[PDB]
$ cat data_20.txt   # compact mmCIF, N, CA and C atoms
# COMPACT_ATOMS: atom_id res chain seq x y z
N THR A 1117 82.62 25.25 149.61
CA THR A 1117 81.87 26.25 148.85
C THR A 1117 80.71 26.84 149.63
N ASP A 1118 80.31 26.22 150.75
CA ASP A 1118 79.19 26.72 151.54
C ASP A 1118 79.59 27.84 152.49
N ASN A 1119 80.88 28.14 152.62
CA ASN A 1119 81.35 29.20 153.51
C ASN A 1119 81.73 30.47 152.78
N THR A 1120 82.22 30.37 151.54
CA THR A 1120 82.63 31.52 150.76
C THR A 1120 81.78 31.63 149.50
N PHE A 1121 81.64 32.85 149.00
CA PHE A 1121 80.89 33.12 147.78
C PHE A 1121 81.81 33.76 146.75
N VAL A 1122 81.32 33.82 145.51
CA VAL A 1122 82.07 34.37 144.39
C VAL A 1122 81.65 35.82 144.20
N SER A 1123 82.61 36.73 144.30
CA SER A 1123 82.35 38.15 144.13
C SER A 1123 83.63 38.84 143.69
N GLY A 1124 83.58 39.54 142.56
CA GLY A 1124 84.74 40.25 142.07
C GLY A 1124 85.76 39.32 141.43
N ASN A 1125 87.00 39.79 141.41
CA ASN A 1125 88.11 39.03 140.85
C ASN A 1125 89.34 39.24 141.73
N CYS A 1126 90.47 38.68 141.30
CA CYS A 1126 91.71 38.72 142.07
C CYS A 1126 92.71 39.74 141.52
N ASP A 1127 92.22 40.86 140.99
CA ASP A 1127 93.08 41.92 140.47
C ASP A 1127 92.79 43.28 141.09
N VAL A 1128 91.89 43.34 142.07
CA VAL A 1128 91.49 44.59 142.71
C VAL A 1128 91.96 44.65 144.16
N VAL A 1129 91.83 43.55 144.89
CA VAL A 1129 92.19 43.52 146.31
C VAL A 1129 93.71 43.51 146.44
N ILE A 1130 94.25 44.53 147.11
CA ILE A 1130 95.69 44.65 147.31
C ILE A 1130 96.10 43.75 148.47
N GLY A 1131 97.08 42.88 148.22
CA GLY A 1131 97.55 41.97 149.25
C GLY A 1131 96.83 40.64 149.28
N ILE A 1132 96.41 40.12 148.13
CA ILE A 1132 95.67 38.87 148.05
C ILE A 1132 96.65 37.73 147.81
N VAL A 1133 96.24 36.51 148.16
CA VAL A 1133 97.09 35.34 148.03
C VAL A 1133 96.36 34.26 147.23
N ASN A 1134 97.05 33.15 146.97
CA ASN A 1134 96.48 32.02 146.26
C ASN A 1134 96.35 30.82 147.18
N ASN A 1135 95.28 30.05 146.98
CA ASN A 1135 95.02 28.88 147.81
C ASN A 1135 94.15 27.91 147.02
N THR A 1136 94.38 26.62 147.25
CA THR A 1136 93.62 25.55 146.60
C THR A 1136 92.38 25.26 147.44
N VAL A 1137 91.21 25.60 146.91
CA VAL A 1137 89.95 25.39 147.62
C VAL A 1137 89.50 23.95 147.42
N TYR A 1138 89.30 23.24 148.53
CA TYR A 1138 88.84 21.86 148.46
C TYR A 1138 87.35 21.82 148.12
N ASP A 1139 86.97 20.88 147.26
CA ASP A 1139 85.58 20.73 146.83
C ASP A 1139 85.12 19.31 147.11
N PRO A 1140 84.18 19.09 148.04
CA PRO A 1140 83.69 17.73 148.30
C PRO A 1140 82.76 17.20 147.22
N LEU A 1141 82.30 18.04 146.29
CA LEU A 1141 81.38 17.58 145.26
C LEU A 1141 82.10 16.72 144.22
N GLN A 1142 83.37 17.02 143.95
CA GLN A 1142 84.17 16.31 142.95
C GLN A 1142 84.45 14.84 143.27
N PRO A 1143 84.69 14.42 144.53
CA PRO A 1143 84.67 12.97 144.78
C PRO A 1143 83.28 12.36 144.72
N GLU A 1144 82.23 13.13 144.99
CA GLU A 1144 80.88 12.59 144.97
C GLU A 1144 80.32 12.52 143.55
N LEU A 1145 80.69 13.46 142.68
CA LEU A 1145 80.19 13.45 141.31
C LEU A 1145 80.88 12.40 140.45
N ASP A 1146 82.10 12.01 140.81
CA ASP A 1146 82.81 11.00 140.03
C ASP A 1146 82.39 9.59 140.42
N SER A 1147 82.13 9.36 141.71
CA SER A 1147 81.72 8.04 142.18
C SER A 1147 80.22 7.82 141.94
N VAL B 1068 78.15 57.97 156.80
CA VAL B 1068 77.04 58.73 156.23
C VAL B 1068 77.10 58.59 154.71
N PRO B 1069 76.21 57.83 154.09
CA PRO B 1069 76.18 57.77 152.62
C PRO B 1069 75.60 59.05 152.03
N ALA B 1070 76.16 59.46 150.90
CA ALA B 1070 75.74 60.69 150.23
C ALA B 1070 75.09 60.43 148.88
N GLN B 1071 75.76 59.71 147.99
CA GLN B 1071 75.23 59.45 146.65
C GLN B 1071 74.24 58.30 146.71
N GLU B 1072 73.00 58.57 146.30
CA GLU B 1072 71.93 57.59 146.32
C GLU B 1072 71.53 57.21 144.89
N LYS B 1073 70.80 56.11 144.78
CA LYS B 1073 70.32 55.61 143.50
C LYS B 1073 69.05 54.81 143.72
N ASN B 1074 68.11 54.93 142.78
CA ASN B 1074 66.82 54.27 142.87
C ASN B 1074 66.83 52.96 142.10
N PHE B 1075 66.21 51.94 142.68
CA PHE B 1075 66.11 50.63 142.05
C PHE B 1075 64.73 50.04 142.33
N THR B 1076 64.44 48.92 141.67
CA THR B 1076 63.19 48.21 141.84
C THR B 1076 63.43 46.96 142.68
N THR B 1077 62.69 46.82 143.77
CA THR B 1077 62.86 45.73 144.72
C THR B 1077 61.67 44.77 144.64
N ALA B 1078 61.76 43.69 145.42
CA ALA B 1078 60.72 42.68 145.51
C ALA B 1078 60.86 41.98 146.86
N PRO B 1079 59.75 41.59 147.49
CA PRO B 1079 59.87 40.90 148.79
C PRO B 1079 60.39 39.48 148.66
N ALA B 1080 59.91 38.71 147.68
CA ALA B 1080 60.36 37.34 147.49
C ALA B 1080 60.17 36.96 146.03
N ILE B 1081 60.79 35.85 145.64
CA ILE B 1081 60.73 35.36 144.27
C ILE B 1081 60.12 33.96 144.25
N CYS B 1082 59.85 33.45 143.05
CA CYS B 1082 59.27 32.12 142.88
C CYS B 1082 60.02 31.39 141.78
N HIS B 1083 60.56 30.22 142.11
CA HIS B 1083 61.35 29.43 141.17
C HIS B 1083 60.62 28.15 140.76
N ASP B 1084 60.21 27.32 141.72
CA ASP B 1084 59.52 26.07 141.44
C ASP B 1084 58.19 26.01 142.18
N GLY B 1085 57.56 27.16 142.41
CA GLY B 1085 56.30 27.23 143.12
C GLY B 1085 56.41 27.58 144.58
N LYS B 1086 57.63 27.62 145.13
CA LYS B 1086 57.86 27.96 146.52
C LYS B 1086 58.70 29.23 146.61
N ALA B 1087 58.52 29.95 147.71
CA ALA B 1087 59.19 31.23 147.90
C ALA B 1087 60.59 31.02 148.47
N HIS B 1088 61.46 32.00 148.21
CA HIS B 1088 62.84 31.98 148.69
C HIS B 1088 63.13 33.29 149.40
N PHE B 1089 63.66 33.20 150.62
CA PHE B 1089 63.95 34.37 151.43
C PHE B 1089 65.43 34.40 151.77
N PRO B 1090 66.13 35.50 151.51
CA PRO B 1090 67.55 35.58 151.88
C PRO B 1090 67.73 35.75 153.38
N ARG B 1091 68.88 35.29 153.87
CA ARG B 1091 69.20 35.44 155.28
C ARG B 1091 69.60 36.87 155.62
N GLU B 1092 70.35 37.52 154.73
CA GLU B 1092 70.77 38.90 154.93
C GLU B 1092 70.86 39.57 153.56
N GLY B 1093 69.79 40.24 153.17
CA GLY B 1093 69.75 40.92 151.89
C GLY B 1093 68.35 40.89 151.31
N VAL B 1094 68.24 41.44 150.10
CA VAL B 1094 66.96 41.50 149.40
C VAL B 1094 67.26 41.52 147.90
N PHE B 1095 66.25 41.19 147.10
CA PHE B 1095 66.40 41.17 145.65
C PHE B 1095 66.08 42.54 145.07
N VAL B 1096 67.01 43.08 144.29
CA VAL B 1096 66.83 44.36 143.63
C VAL B 1096 66.90 44.15 142.12
N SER B 1097 66.48 45.18 141.38
CA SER B 1097 66.48 45.12 139.93
C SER B 1097 66.58 46.53 139.37
N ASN B 1098 67.36 46.69 138.30
CA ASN B 1098 67.50 47.96 137.61
C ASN B 1098 66.59 48.07 136.39
N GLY B 1099 65.71 47.10 136.18
CA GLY B 1099 64.81 47.09 135.05
C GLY B 1099 65.09 46.02 134.02
N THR B 1100 66.26 45.38 134.08
CA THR B 1100 66.63 44.33 133.13
C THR B 1100 66.75 42.97 133.80
N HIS B 1101 67.57 42.86 134.85
CA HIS B 1101 67.80 41.60 135.54
C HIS B 1101 67.68 41.82 137.04
N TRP B 1102 67.62 40.71 137.77
CA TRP B 1102 67.48 40.72 139.22
C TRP B 1102 68.82 40.41 139.87
N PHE B 1103 69.16 41.15 140.93
CA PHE B 1103 70.40 40.95 141.66
C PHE B 1103 70.11 41.02 143.15
N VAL B 1104 71.04 40.51 143.95
CA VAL B 1104 70.92 40.45 145.40
C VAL B 1104 72.00 41.33 146.02
N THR B 1105 71.58 42.25 146.88
CA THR B 1105 72.50 43.13 147.59
C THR B 1105 72.00 43.32 149.01
N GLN B 1106 72.80 44.00 149.82
CA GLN B 1106 72.47 44.24 151.22
C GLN B 1106 71.66 45.53 151.35
N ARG B 1107 71.49 46.00 152.59
CA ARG B 1107 70.61 47.13 152.87
C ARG B 1107 71.31 48.48 152.81
N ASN B 1108 72.64 48.51 152.87
CA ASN B 1108 73.37 49.77 152.95
C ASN B 1108 74.25 50.06 151.74
N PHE B 1109 74.68 49.03 151.00
CA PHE B 1109 75.53 49.22 149.83
C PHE B 1109 74.98 48.39 148.68
N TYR B 1110 74.99 48.98 147.48
CA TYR B 1110 74.51 48.31 146.28
C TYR B 1110 75.65 47.48 145.69
N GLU B 1111 75.60 46.17 145.91
CA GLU B 1111 76.60 45.25 145.38
C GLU B 1111 75.88 44.09 144.70
N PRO B 1112 75.80 44.08 143.37
CA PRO B 1112 75.10 42.99 142.67
C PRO B 1112 75.91 41.71 142.70
N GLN B 1113 75.26 40.63 143.13
CA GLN B 1113 75.88 39.31 143.22
C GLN B 1113 75.03 38.30 142.47
N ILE B 1114 75.59 37.11 142.29
CA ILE B 1114 74.89 36.03 141.60
C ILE B 1114 73.88 35.41 142.55
N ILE B 1115 72.63 35.31 142.10
CA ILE B 1115 71.56 34.73 142.92
C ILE B 1115 71.75 33.22 142.95
N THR B 1116 72.22 32.70 144.08
CA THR B 1116 72.46 31.27 144.27
C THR B 1116 71.55 30.73 145.36
N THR B 1117 71.70 29.44 145.64
CA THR B 1117 70.90 28.77 146.66
C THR B 1117 71.57 28.75 148.03
N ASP B 1118 72.77 29.32 148.15
CA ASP B 1118 73.47 29.34 149.43
C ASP B 1118 73.02 30.48 150.33
N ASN B 1119 72.47 31.55 149.76
CA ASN B 1119 72.01 32.68 150.56
C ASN B 1119 70.52 32.62 150.89
N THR B 1120 69.73 31.89 150.10
CA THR B 1120 68.30 31.76 150.32
C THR B 1120 67.95 30.33 150.72
N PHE B 1121 66.79 30.19 151.35
CA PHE B 1121 66.29 28.89 151.78
C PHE B 1121 64.86 28.71 151.28
N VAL B 1122 64.34 27.50 151.45
CA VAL B 1122 63.00 27.15 151.02
C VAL B 1122 62.08 27.19 152.23
N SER B 1123 61.08 28.06 152.18
CA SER B 1123 60.13 28.21 153.29
C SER B 1123 58.83 28.76 152.74
N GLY B 1124 57.74 28.02 152.92
CA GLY B 1124 56.44 28.47 152.47
C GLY B 1124 56.14 28.11 151.03
N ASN B 1125 55.33 28.92 150.36
CA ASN B 1125 54.95 28.68 148.98
C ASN B 1125 54.76 30.04 148.29
N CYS B 1126 54.15 30.03 147.11
CA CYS B 1126 53.95 31.23 146.32
C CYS B 1126 52.48 31.52 146.03
N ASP B 1127 51.58 31.14 146.93
CA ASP B 1127 50.16 31.42 146.78
C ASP B 1127 49.58 32.22 147.94
N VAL B 1128 50.39 32.51 148.96
CA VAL B 1128 49.93 33.24 150.14
C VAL B 1128 50.50 34.66 150.18
N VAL B 1129 51.74 34.84 149.73
CA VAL B 1129 52.38 36.14 149.77
C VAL B 1129 51.77 37.04 148.70
N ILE B 1130 51.21 38.17 149.12
CA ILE B 1130 50.57 39.11 148.21
C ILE B 1130 51.65 40.01 147.61
N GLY B 1131 51.68 40.08 146.28
CA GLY B 1131 52.65 40.90 145.59
C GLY B 1131 53.96 40.21 145.28
N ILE B 1132 53.96 38.89 145.15
CA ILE B 1132 55.18 38.14 144.89
C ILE B 1132 55.43 38.07 143.39
N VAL B 1133 56.68 37.84 143.01
CA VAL B 1133 57.07 37.80 141.60
C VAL B 1133 57.77 36.48 141.30
N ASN B 1134 58.10 36.25 140.03
CA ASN B 1134 58.79 35.06 139.59
C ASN B 1134 60.20 35.41 139.13
N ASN B 1135 61.12 34.47 139.33
CA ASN B 1135 62.52 34.67 138.95
C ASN B 1135 63.15 33.30 138.72
N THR B 1136 64.30 33.31 138.05
CA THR B 1136 65.05 32.09 137.75
C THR B 1136 66.30 32.07 138.63
N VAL B 1137 66.31 31.19 139.62
CA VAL B 1137 67.43 31.08 140.54
C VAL B 1137 68.56 30.34 139.85
N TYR B 1138 69.70 31.01 139.68
CA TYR B 1138 70.87 30.42 139.04
C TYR B 1138 71.55 29.49 140.04
N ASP B 1139 71.21 28.21 139.95
CA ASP B 1139 71.80 27.21 140.84
C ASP B 1139 73.09 26.69 140.22
N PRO B 1140 74.24 26.83 140.89
CA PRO B 1140 75.50 26.32 140.33
C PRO B 1140 75.63 24.80 140.38
N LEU B 1141 74.73 24.10 141.06
CA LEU B 1141 74.82 22.64 141.14
C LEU B 1141 74.42 21.98 139.83
N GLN B 1142 73.46 22.56 139.11
CA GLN B 1142 72.96 21.99 137.86
C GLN B 1142 73.97 21.97 136.71
N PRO B 1143 74.84 22.98 136.50
CA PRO B 1143 75.95 22.76 135.56
C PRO B 1143 77.03 21.83 136.09
N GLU B 1144 77.12 21.63 137.41
CA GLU B 1144 78.14 20.76 137.96
C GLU B 1144 77.79 19.28 137.81
N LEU B 1145 76.49 18.96 137.72
CA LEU B 1145 76.09 17.57 137.56
C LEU B 1145 76.28 17.08 136.13
N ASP B 1146 76.20 17.97 135.14
CA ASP B 1146 76.37 17.60 133.75
C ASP B 1146 77.83 17.59 133.31
N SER B 1147 78.75 18.04 134.16
CA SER B 1147 80.16 18.07 133.81
C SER B 1147 80.81 16.71 134.07

$ encode --input "data_20.txt" --output "structure tokens"
Amino acid sequence: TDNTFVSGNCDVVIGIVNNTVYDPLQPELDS
Amino acid sequence: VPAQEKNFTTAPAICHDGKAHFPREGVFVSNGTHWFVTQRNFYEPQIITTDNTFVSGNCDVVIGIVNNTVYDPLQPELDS
């Protein structure tokens, strides 16, 4: 999450793909 | 060459917990209701987070500074 930011949505950019973004906070918040 | 222009209200820095926050590339703008962060050439309102700004200095030396509420996404993530 420190490399990319949230801007817009996924219905405007032509030629977009899907990908699973890894989050290191989720193993740290559970433990 | 940009043609269509628009006027907004800017600020040099903001104050969240008594210390100033400075963006790495951008500035805080406002249309009169809320504060947004955009660059110098195109008006693109984004969410004011802690990833674009850093902690440096305080809020008692800068003349003409204002207060704002930094929307930190970590604080809703800790309560989930």

$ interface_residues --input "data_20.txt" --of "chain B" --to "chain A" --cutoff "12 Å" --atoms "only C-alpha atoms" --output "list in words"
residues 1104, 1105, 1111, 1112, 1113, 1114, 1115, 1116, 1117, 1118, 1119, 1140, 1141, 1142, 1143, 1144, 1145, 1146 and 1147 of chain B

$ write_last_selection --input "data_20.txt" --atoms "N, CA and C atoms" --output "CSV table (one decimal), in the frame of the given file"
chain,number,residue,atom,x,y,z
B,1104,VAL,N,71.0,40.5,144.0
B,1104,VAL,CA,70.9,40.4,145.4
B,1104,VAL,C,72.0,41.3,146.0
B,1105,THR,N,71.6,42.2,146.9
B,1105,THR,CA,72.5,43.1,147.6
B,1105,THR,C,72.0,43.3,149.0
B,1111,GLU,N,75.6,46.2,145.9
B,1111,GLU,CA,76.6,45.2,145.4
B,1111,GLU,C,75.9,44.1,144.7
B,1112,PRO,N,75.8,44.1,143.4
B,1112,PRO,CA,75.1,43.0,142.7
B,1112,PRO,C,75.9,41.7,142.7
B,1113,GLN,N,75.3,40.6,143.1
B,1113,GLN,CA,75.9,39.3,143.2
B,1113,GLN,C,75.0,38.3,142.5
B,1114,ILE,N,75.6,37.1,142.3
B,1114,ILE,CA,74.9,36.0,141.6
B,1114,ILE,C,73.9,35.4,142.6
B,1115,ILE,N,72.6,35.3,142.1
B,1115,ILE,CA,71.6,34.7,142.9
B,1115,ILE,C,71.8,33.2,143.0
B,1116,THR,N,72.2,32.7,144.1
B,1116,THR,CA,72.5,31.3,144.3
B,1116,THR,C,71.6,30.7,145.4
B,1117,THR,N,71.7,29.4,145.6
B,1117,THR,CA,70.9,28.8,146.7
B,1117,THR,C,71.6,28.8,148.0
B,1118,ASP,N,72.8,29.3,148.2
B,1118,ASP,CA,73.5,29.3,149.4
B,1118,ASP,C,73.0,30.5,150.3
B,1119,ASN,N,72.5,31.6,149.8
B,1119,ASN,CA,72.0,32.7,150.6
B,1119,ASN,C,70.5,32.6,150.9
B,1140,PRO,N,74.2,26.8,140.9
B,1140,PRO,CA,75.5,26.3,140.3
B,1140,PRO,C,75.6,24.8,140.4
B,1141,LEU,N,74.7,24.1,141.1
B,1141,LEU,CA,74.8,22.6,141.1
B,1141,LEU,C,74.4,22.0,139.8
B,1142,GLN,N,73.5,22.6,139.1
B,1142,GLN,CA,73.0,22.0,137.9
B,1142,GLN,C,74.0,22.0,136.7
B,1143,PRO,N,74.8,23.0,136.5
B,1143,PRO,CA,76.0,22.8,135.6
B,1143,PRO,C,77.0,21.8,136.1
B,1144,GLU,N,77.1,21.6,137.4
B,1144,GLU,CA,78.1,20.8,138.0
B,1144,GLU,C,77.8,19.3,137.8
B,1145,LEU,N,76.5,19.0,137.7
B,1145,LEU,CA,76.1,17.6,137.6
B,1145,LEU,C,76.3,17.1,136.1
B,1146,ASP,N,76.2,18.0,135.1
B,1146,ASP,CA,76.4,17.6,133.8
B,1146,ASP,C,77.8,17.6,133.3
B,1147,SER,N,78.8,18.0,134.2
B,1147,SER,CA,80.2,18.1,133.8
B,1147,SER,C,80.8,16.7,134.1

$ atom_distance --input "data_20.txt" --atom1 "atom N of residue 1143 in chain A" --atom2 "atom C of residue 1120 in chain B"
23.9 Å

$ atom_distance --input "data_20.txt" --atom1 "atom N of residue 1073 in chain B" --atom2 "atom N of residue 1087 in chain B"
29.0 Å

$ atom_distance --input "data_20.txt" --atom1 "CA of residue 1139 in chain A" --atom2 "CA of residue 1110 in chain B"
29.7 Å

$ axis_aligned_box --input "data_20.txt" --around "range 1118-1131 of chain A" --padding-each-side "3 Å" --output "AutoDock Vina command-line options"
--center_x 88.4 --center_y 35.4 --center_z 147.0 --size_x 24.4 --size_y 24.4 --size_z 19.0

$ residues_around --input "data_20.txt" --residues "residue 1068 in chain B" --least-positions-apart "4" --cutoff "12 Å" --atoms "only C-alpha atoms" --output "PyMOL selection string"
chain B and resi 1072+1108-1109

$ residues_near_point --input "data_20.txt" --point "(64.4, 38.8, 150.4)" --cutoff "8 Å" --atoms "only C-alpha atoms" --output "PyMOL selection string"
chain B and resi 1078-1081+1088-1095

$ select_by_dssp --input "data_20.txt" --residues "chain A" --states "helix (DSSP H, G or I)" --output "mmCIF file with N, CA and C atoms, in the frame of the given file"
data_model
loop_
_atom_site.group_PDB
_atom_site.id
_atom_site.type_symbol
_atom_site.label_atom_id
_atom_site.label_comp_id
_atom_site.auth_asym_id
_atom_site.auth_seq_id
_atom_site.Cartn_x
_atom_site.Cartn_y
_atom_site.Cartn_z
ATOM 1 N N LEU A 1141 82.300 18.040 146.290
ATOM 2 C CA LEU A 1141 81.380 17.580 145.260
ATOM 3 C C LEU A 1141 82.100 16.720 144.220
ATOM 4 N N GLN A 1142 83.370 17.020 143.950
ATOM 5 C CA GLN A 1142 84.170 16.310 142.950
ATOM 6 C C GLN A 1142 84.450 14.840 143.270
ATOM 7 N N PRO A 1143 84.690 14.420 144.530
ATOM 8 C CA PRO A 1143 84.670 12.970 144.780
ATOM 9 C C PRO A 1143 83.280 12.360 144.720
ATOM 10 N N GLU A 1144 82.230 13.130 144.990
ATOM 11 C CA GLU A 1144 80.880 12.590 144.970
ATOM 12 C C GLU A 1144 80.320 12.520 143.550
ATOM 13 N N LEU A 1145 80.690 13.460 142.680
ATOM 14 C CA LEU A 1145 80.190 13.450 141.310
ATOM 15 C C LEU A 1145 80.880 12.400 140.450
ATOM 16 N N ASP A 1146 82.100 12.010 140.810
ATOM 17 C CA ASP A 1146 82.810 11.000 140.030
ATOM 18 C C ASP A 1146 82.390 9.590 140.420
#

$ closest_residue --input "data_20.txt" --among "B:1077, B:1106, B:1097, B:1071" --to "residue 1131 in chain B" --atoms "only C-alpha atoms"
B:1077

$ build_atoms --input "data_20.txt" --residues "range 1068-1088 of chain B" --atoms "N, CA, C and O atoms" --output "PDB file, in the frame of the given file"
ATOM      1  N   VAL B1068      78.150  57.970 156.800  1.00  0.00           N
ATOM      2  CA  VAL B1068      77.040  58.730 156.230  1.00  0.00           C
ATOM      3  C   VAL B1068      77.100  58.590 154.710  1.00  0.00           C
ATOM      4  O   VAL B1068      77.991  59.179 154.076  1.00  0.00           O
ATOM      5  N   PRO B1069      76.210  57.830 154.090  1.00  0.00           N
ATOM      6  CA  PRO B1069      76.180  57.770 152.620  1.00  0.00           C
ATOM      7  C   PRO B1069      75.600  59.050 152.030  1.00  0.00           C
ATOM      8  O   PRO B1069      74.682  59.653 152.593  1.00  0.00           O
ATOM      9  N   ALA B1070      76.160  59.460 150.900  1.00  0.00           N
ATOM     10  CA  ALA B1070      75.740  60.690 150.230  1.00  0.00           C
ATOM     11  C   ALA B1070      75.090  60.430 148.880  1.00  0.00           C
ATOM     12  O   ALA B1070      73.961  60.870 148.643  1.00  0.00           O
ATOM     13  N   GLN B1071      75.760  59.710 147.990  1.00  0.00           N
ATOM     14  CA  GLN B1071      75.230  59.450 146.650  1.00  0.00           C
ATOM     15  C   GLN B1071      74.240  58.300 146.710  1.00  0.00           C
ATOM     16  O   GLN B1071      74.586  57.188 147.109  1.00  0.00           O
ATOM     17  N   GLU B1072      73.000  58.570 146.300  1.00  0.00           N
ATOM     18  CA  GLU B1072      71.930  57.590 146.320  1.00  0.00           C
ATOM     19  C   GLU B1072      71.530  57.210 144.890  1.00  0.00           C
ATOM     20  O   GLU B1072      71.879  57.886 143.922  1.00  0.00           O
ATOM     21  N   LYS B1073      70.800  56.110 144.780  1.00  0.00           N
ATOM     22  CA  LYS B1073      70.320  55.610 143.500  1.00  0.00           C
ATOM     23  C   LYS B1073      69.050  54.810 143.720  1.00  0.00           C
ATOM     24  O   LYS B1073      68.918  54.105 144.721  1.00  0.00           O
ATOM     25  N   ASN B1074      68.110  54.930 142.780  1.00  0.00           N
ATOM     26  CA  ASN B1074      66.820  54.270 142.870  1.00  0.00           C
ATOM     27  C   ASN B1074      66.830  52.960 142.100  1.00  0.00           C
ATOM     28  O   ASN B1074      67.381  52.886 140.996  1.00  0.00           O
ATOM     29  N   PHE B1075      66.210  51.940 142.680  1.00  0.00           N
ATOM     30  CA  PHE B1075      66.110  50.630 142.050  1.00  0.00           C
ATOM     31  C   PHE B1075      64.730  50.040 142.330  1.00  0.00           C
ATOM     32  O   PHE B1075      63.954  50.582 143.122  1.00  0.00           O
ATOM     33  N   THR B1076      64.440  48.920 141.670  1.00  0.00           N
ATOM     34  CA  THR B1076      63.190  48.210 141.840  1.00  0.00           C
ATOM     35  C   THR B1076      63.430  46.960 142.680  1.00  0.00           C
ATOM     36  O   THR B1076      64.276  46.129 142.325  1.00  0.00           O
ATOM     37  N   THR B1077      62.690  46.820 143.770  1.00  0.00           N
ATOM     38  CA  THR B1077      62.860  45.730 144.720  1.00  0.00           C
ATOM     39  C   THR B1077      61.670  44.770 144.640  1.00  0.00           C
ATOM     40  O   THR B1077      60.699  44.997 143.912  1.00  0.00           O
ATOM     41  N   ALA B1078      61.760  43.690 145.420  1.00  0.00           N
ATOM     42  CA  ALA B1078      60.720  42.680 145.510  1.00  0.00           C
ATOM     43  C   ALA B1078      60.860  41.980 146.860  1.00  0.00           C
ATOM     44  O   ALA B1078      61.987  41.800 147.334  1.00  0.00           O
ATOM     45  N   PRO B1079      59.750  41.590 147.490  1.00  0.00           N
ATOM     46  CA  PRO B1079      59.870  40.900 148.790  1.00  0.00           C
ATOM     47  C   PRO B1079      60.390  39.480 148.660  1.00  0.00           C
ATOM     48  O   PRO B1079      61.241  39.068 149.462  1.00  0.00           O
ATOM     49  N   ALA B1080      59.910  38.710 147.680  1.00  0.00           N
ATOM     50  CA  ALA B1080      60.360  37.340 147.490  1.00  0.00           C
ATOM     51  C   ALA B1080      60.170  36.960 146.030  1.00  0.00           C
ATOM     52  O   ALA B1080      59.488  37.650 145.268  1.00  0.00           O
ATOM     53  N   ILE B1081      60.790  35.850 145.640  1.00  0.00           N
ATOM     54  CA  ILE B1081      60.730  35.360 144.270  1.00  0.00           C
ATOM     55  C   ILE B1081      60.120  33.960 144.250  1.00  0.00           C
ATOM     56  O   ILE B1081      59.903  33.353 145.301  1.00  0.00           O
ATOM     57  N   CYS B1082      59.850  33.450 143.050  1.00  0.00           N
ATOM     58  CA  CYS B1082      59.270  32.120 142.880  1.00  0.00           C
ATOM     59  C   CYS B1082      60.020  31.390 141.780  1.00  0.00           C
ATOM     60  O   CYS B1082      60.109  31.884 140.650  1.00  0.00           O
ATOM     61  N   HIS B1083      60.560  30.220 142.110  1.00  0.00           N
ATOM     62  CA  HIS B1083      61.350  29.430 141.170  1.00  0.00           C
ATOM     63  C   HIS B1083      60.620  28.150 140.760  1.00  0.00           C
ATOM     64  O   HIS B1083      60.426  27.908 139.566  1.00  0.00           O
ATOM     65  N   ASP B1084      60.210  27.320 141.720  1.00  0.00           N
ATOM     66  CA  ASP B1084      59.520  26.070 141.440  1.00  0.00           C
ATOM     67  C   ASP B1084      58.190  26.010 142.180  1.00  0.00           C
ATOM     68  O   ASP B1084      57.725  24.923 142.546  1.00  0.00           O
ATOM     69  N   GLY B1085      57.560  27.160 142.410  1.00  0.00           N
ATOM     70  CA  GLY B1085      56.300  27.230 143.120  1.00  0.00           C
ATOM     71  C   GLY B1085      56.410  27.580 144.580  1.00  0.00           C
ATOM     72  O   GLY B1085      55.386  27.829 145.226  1.00  0.00           O
ATOM     73  N   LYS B1086      57.630  27.620 145.130  1.00  0.00           N
ATOM     74  CA  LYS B1086      57.860  27.960 146.520  1.00  0.00           C
ATOM     75  C   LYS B1086      58.700  29.230 146.610  1.00  0.00           C
ATOM     76  O   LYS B1086      59.482  29.541 145.712  1.00  0.00           O
ATOM     77  N   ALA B1087      58.520  29.950 147.710  1.00  0.00           N
ATOM     78  CA  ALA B1087      59.190  31.230 147.900  1.00  0.00           C
ATOM     79  C   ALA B1087      60.590  31.020 148.470  1.00  0.00           C
ATOM     80  O   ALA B1087      60.883  30.010 149.112  1.00  0.00           O
ATOM     81  N   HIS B1088      61.460  32.000 148.210  1.00  0.00           N
ATOM     82  CA  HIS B1088      62.840  31.980 148.690  1.00  0.00           C
ATOM     83  C   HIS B1088      63.130  33.290 149.400  1.00  0.00           C
ATOM     84  O   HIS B1088      62.883  34.365 148.842  1.00  0.00           O
TER      85      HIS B1088
END
